[PDB]
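Colleague:
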Amino acid sequence: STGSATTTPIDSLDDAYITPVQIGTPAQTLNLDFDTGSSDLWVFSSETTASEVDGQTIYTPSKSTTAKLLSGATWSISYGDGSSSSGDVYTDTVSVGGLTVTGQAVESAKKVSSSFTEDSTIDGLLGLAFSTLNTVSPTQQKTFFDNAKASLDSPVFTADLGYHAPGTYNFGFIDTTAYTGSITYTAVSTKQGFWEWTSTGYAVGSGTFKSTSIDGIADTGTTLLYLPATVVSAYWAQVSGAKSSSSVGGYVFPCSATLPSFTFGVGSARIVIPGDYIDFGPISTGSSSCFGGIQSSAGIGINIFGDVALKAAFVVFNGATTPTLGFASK
Ligand SMILES: COc1ccc([C@H](N)c2nccn2C)cc1
Numbered sequence: 001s002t003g004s005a006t007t008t009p010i011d012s013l014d015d016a017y018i019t020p021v022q023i024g025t026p027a028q029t030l031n032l033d034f035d036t037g038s039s040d041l042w043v044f045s046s047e048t049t050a051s052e053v054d055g056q057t058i059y060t061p062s063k064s065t066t067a068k069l070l071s072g073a074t075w076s077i078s079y080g081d082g083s084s085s086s087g088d089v090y091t092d093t094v095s096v097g098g099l100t101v102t103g104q105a106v107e108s109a110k111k112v113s114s115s116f117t118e119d120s121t122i123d124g125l126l127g128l129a130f131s132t133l134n135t136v137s138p139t140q141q142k143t144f145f146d147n148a149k150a151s152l153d154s155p156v157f158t159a160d161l162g163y164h165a166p167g168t169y170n171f172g173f174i175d176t177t178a179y180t181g182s183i184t185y186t187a188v189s190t191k192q193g194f195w196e197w198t199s200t201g202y203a204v205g206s207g208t209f210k211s212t213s214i215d216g217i218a219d220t221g222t223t224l225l226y227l228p229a230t231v232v233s234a235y236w237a238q239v240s241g242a243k244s245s246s247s248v249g250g251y252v253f254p255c256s257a258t259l260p261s262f263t264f265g266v267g268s269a270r271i272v273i274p275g276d277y278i279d280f281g282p283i284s285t286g287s288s289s290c291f292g293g294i295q296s297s298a299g300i301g302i303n304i305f306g307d308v309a310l311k312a313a314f315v316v317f318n319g320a321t322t323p324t325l326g327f328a329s330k
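Per PDB author numbering: the sequence shown = residues 1 to 330.
1. If we ignore side chains and look at the alpha-carbon of each, how far apart do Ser-199 and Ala-105 end up?
2. What ranges does the alpha helix (DSSP H) occupy inside the region 126-211, keeping only unbroken runs of at least 4 residues that lie completely in it?
3. Which two residues bound the contiguous alpha helix (DSSP H) that contains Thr-117?
4. Label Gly-98 either buried or exposed according to how many other C-beta atoms from any shown protein chain fall within 10 Å of its C-beta, with 16 as the threshold for buried.
5. Is the CB-CB distance between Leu-310 and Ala-218 below 9 Å?
6. Using DSSP bridges, identify the partner residues of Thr-19.
7. Within the present structure, is the beta-carbon of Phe-291 separated from the nearest heavy atom of ligand 1 by less than 8 Å?
8. Would you call the region 212-227 in contact with the region 183-201, where contact means no fewer than 3 C-beta pairs closer than 8 Å?
9. Is it buried or exposed for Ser-108, if we count other Cβ within 10 angstroms and need 16 for buried?
10. Tell me whether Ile-304, by its Cβ, gets closer than 8 Å to a heavy atom of ligand 1.
11. Shortest alpha-carbon distance to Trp-75 belongs to which of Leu-259, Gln-22, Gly-265 and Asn-134?
12. Can you find the residues in the same chain that come closer than 6 Å, C-beta to C-beta, to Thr-223, ignoring five residues on each side of it along the sequence?
13. Entirely within the region 57-89 and at least 4 residues each: give me those alpha helix (DSSP H) ranges in chain order.
14. In this structure, does DSSP put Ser-1 in helix, strand or coil?
15. Taking 7 Å as the limit between beta carbons, can you name the residues of its chain near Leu-70, skipping five residues before and five after?
16. Grab me the residues of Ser-95's own chain with a C-beta within less than 6 Å of its C-beta, minus the 5 sequence neighbours each way, in chain order.
17. On the DSSP letters alone, give me the boundaries of the alpha helix (DSSP H) that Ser-12 sits inside.
18. Using beta-carbon positions only, say whether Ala-257 and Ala-269 come within less than 9 Å of one another.
19. Between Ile-174, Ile-10, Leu-325 and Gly-3, which lies nearest to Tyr-163 when the distance is taken from Cα to Cα?
20. With a floor of 3 residues, list each beta strand (DSSP E) that falls wholly inside the region 229-291, ordered by position along the chain.
21. Please list, in chain order, all residues of the same chain as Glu-118 whose beta carbon is under 8 Å from its beta carbon, the five residues on each side excluded.
22. Consider the C-beta atom of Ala-309 and the heavy atoms of ligand 1; say whether any pair is separated by less than 8 Å.
23. Applying the 10 Å Cβ sphere with the 16-neighbour rule, what's the burial state of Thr-158?
24. Starting from the C-beta of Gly-3, find all residues in its chain whose C-beta is less than 6 Å away, skip the five residues before and the five after it, and write them out in chain order.
25. For the region 179-192 against the region 276-284, do three or more pairs of beta-carbon atoms, one drawn from each stretch, fall closer than 8 Å, so that the two count as touching?
26. Under the criterion of a Cβ to heavy atom distance below 8 Å, does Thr-25 qualify as lining ligand 1?
27. Under 6 Å Cβ to Cβ from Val-232, same chain only, skipping five residues before and after it: list those, please.
28. Go to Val-308, then tell me how far its alpha helix (DSSP H) extends in each direction, as first and last residue.
29. Could you check where the beta strand (DSSP E) with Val-316 kicks off and where it finishes?
30. Just how far apart, CA to CA, sit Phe-44 and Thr-36?
31. Please confirm whether any heavy atom of ligand 1 lies closer than 8 Å to the CB of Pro-228.
32. How many angstroms separate the CA atom of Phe-194 from the CA atom of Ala-50?
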């Protein structure tokens, strides 16, 4: 089998992407944030504290003839940005772009933190990291991809995120019309539960490529590109007036600037992030200070190839017995 679903930016900055997902019988369609950096499929629901729901579409398990309480199971997750959610668990039928999984753990939120409440466009998350990170207790649950994998034509999914435009998540096949050139594959470590890989270096604008190993994760659920402070300083030094602001929480730059591109290495191949992808707009409405899309990972503890990087590529998440990651230009 295969599935194919369009993913759409939630706002004009590409702060995140939502993909429609059918849950239950009859189907309840929720718009979920597909997140290769976590491993829980959780939704706003009829159980979510009413004051914490503000415009989201909710899953109502009592209206699904295929929903079953997973008795005794609870979940609780805290994300790198400080947001969090928790609740109980149902199993139900879940379909993405025509690909159906029966018995999928659907984690129903009883509580969500303020950042989730305040984002009316995201009805929940669909985790696509390794199932060893799933938070359900006392019986850990499998991701949608892990449950689908044996049925898929090929044990893979692909992320093709758009810049200011819709893109695509495919399951079970590589669309050879969706990228240019060849796909370069690179090794993955699953030891931390992430799609963790090592970039071979970087360049800033038209500058010379610096060969250096950068270990990080491919994370569709993180907006920005977080890299070591040395790399990030070298980037922003090429932008007149750019500076790290402790009050704002990162690098800012004059909104009047034209940003240079940023290139990262995948083996001997190179992915170029255009400068415009690195502009996240005014720090507050009407400000002439703009927020940078490349930020330091110092204090996170891991480098993160988030949407800024991944949307410059066609990315293959290869879940074969030995997982790997592929990147192509597009
Ligand atoms: C301080 O300046 C900022 C802060 C945030 C954004 C943007 N709306 C966003 N939401 C989630 C992630 N990002 C980048 C843009 C400028």
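Yeah, the Cβ is synthetic: ideal placement off N, Cα and C, and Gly gets one too.
Modeller: Well, looking at it:
1. Rounded to the nearest angstrom, the two C-alpha atoms are 34 Å apart.
2. The qualifying runs are 144-148.
3. Per DSSP, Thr-117 belongs to the alpha helix (DSSP H) from 114-117.
4. Note on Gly-98: under 16 other CB atoms within 10 angstroms of its CB, so exposed under the neighbour-count rule.
5. In this structure, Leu-310 sits near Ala-218, with a CB-CB distance shorter than 9 Å.
6. In the DSSP assignment, the residues bridged to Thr-19 are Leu-32.
7. For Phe-291, the distance from the CB to the nearest heavy atom of ligand 1 is below 8 Å.
8. A contact exists between the region 212-227 and the region 183-201.
9. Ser-108 is buried by the Cβ-count criterion.
10. Annotation for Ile-304 indicates a beta carbon at 8 Å or more from all heavy atoms of ligand 1.
11. Selected option, being the one with the closest Cα: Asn-134.
12. Hits under 6 Å: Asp-15, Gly-306 and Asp-307.
13. Taking only runs of at least 4 residues, no alpha helix (DSSP H) segment lies wholly in the region 57-89.
14. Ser-1: coil per DSSP, three-state reduction.
15. The residues are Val-89, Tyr-90, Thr-91 and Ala-105.
16. Only residues of its own chain outside the window of five on either side were considered, and among them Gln-22 have a CB closer than 6 Å to the CB of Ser-95, listed in chain order.
17. Counting along the chain, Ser-12 falls outside any alpha helix (DSSP H), and DSSP gives it neither H nor E.
18. The answer is no: Cβ separation not under 9 Å.
19. That would be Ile-10, whose Cα lies nearest to the Cα of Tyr-163.
20. Whole beta strand (DSSP E) segments, 3+ residues: 243-245, 250-254, 262-266, 269-273 and 279-282.
21. So the qualifying residues of the chain are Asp-54.
22. Ligand 1 has no heavy atom closer than 8 Å to the beta-carbon of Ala-309.
23. Flag for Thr-158 reads buried.
24. So the list reads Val-96, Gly-97, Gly-98, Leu-99 and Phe-171, once near-sequence residues are dropped.
25. With the cut-off at 8 Å, the region 179-192 and the region 276-284 do not touch.
26. At a threshold of 8 Å, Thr-25 does not count as near ligand 1, since its beta carbon sits no closer than that to any of the ligand's heavy atoms.
27. The beta carbon of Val-232 lies closer than 6 Å to those of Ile-294 and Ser-296 in the same chain, with the five residues before and after it left out.
28. Judged by DSSP secondary structure, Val-308 falls within the alpha helix (DSSP H) whose first and last residues are 307-310.
29. 314-318 is the span of the beta strand (DSSP E), which, as asked, contains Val-316.
30. Approximately 19 Å between the Cα atoms of the pair.
31. No - ligand 1 has no heavy atom lying nearer than 8 Å to the Cβ of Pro-228.
32. The alpha-carbon separation between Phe-194 and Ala-50 amounts to approximately 33 Å.
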